[PDB]
Amino acid sequence: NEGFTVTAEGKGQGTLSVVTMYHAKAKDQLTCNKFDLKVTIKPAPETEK
């Protein structure tokens, strides 16, 4: 990403367009979007014992 100079000379007309594409830091985006997933592991008390 750097600046530059455009110099145009002569009869006529045209269109200039400049687009930058890059990696932008995430906007606190959670990869677990749309899902509230909860996992719990616990030893069994005495219900089996």
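Residues numbered from 1 in each chain as written, not as in the entry; some residues may be left out. Part of a larger assembly, values for the part shown. Heavy atoms only, no water.

Per the PDB entry, the protein chain goes by the name Complement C3 and belongs to Homo sapiens.

So, on to the overall build of the protein chain. From N to C terminus, the protein chain includes zero helices and zero strands. The principal-axis extent of the C-alpha atoms belonging to the protein chain is close to 95 × 20 × 10 Å. Total accessible area on the protein chain is roughly 6,400 Å²; 53% of this is exposed by carbon and sulfur atoms. (Helix = DSSP H or I, 4+ residues; strand = E, 2+ residues; numbered from the N terminus. Areas by Shrake-Rupley, 256 points an atom, 1.4 Å probe, with all protein chains shown as cover.)

Turning to a nonpolar patch on the surface, a few remarks are in order. A contiguous nonpolar surface patch, about 460 Å² in accessible area, is contributed by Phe-4, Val-6, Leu-16 and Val-18. A residue is classified by how much of its surface remains accessible, and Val-6, at 54% relative accessible area, is exposed. (Patch = residues over 30% accessible without salt bridge, like charges linked within 9 Å, V, L, I, M, F, W, Y side chains within 5 Å. Salt bridge = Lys/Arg side-chain N within 4 Å of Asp/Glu carboxyl O. Buried < 20%, exposed > 50% of the residue type's maximum accessible area, 1.4 Å probe, protein only.)

At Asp-28, a residue that is not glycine, the phi angle is positive and equals roughly 55 degrees. Given a relative accessible area of 78%, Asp-28 falls into the exposed group. Its identity is not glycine, yet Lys-34 carries a phi of approximately 70 degrees, on the positive side. Residue classification places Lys-34 among the exposed residues on the basis of a relative accessible area of 79%.

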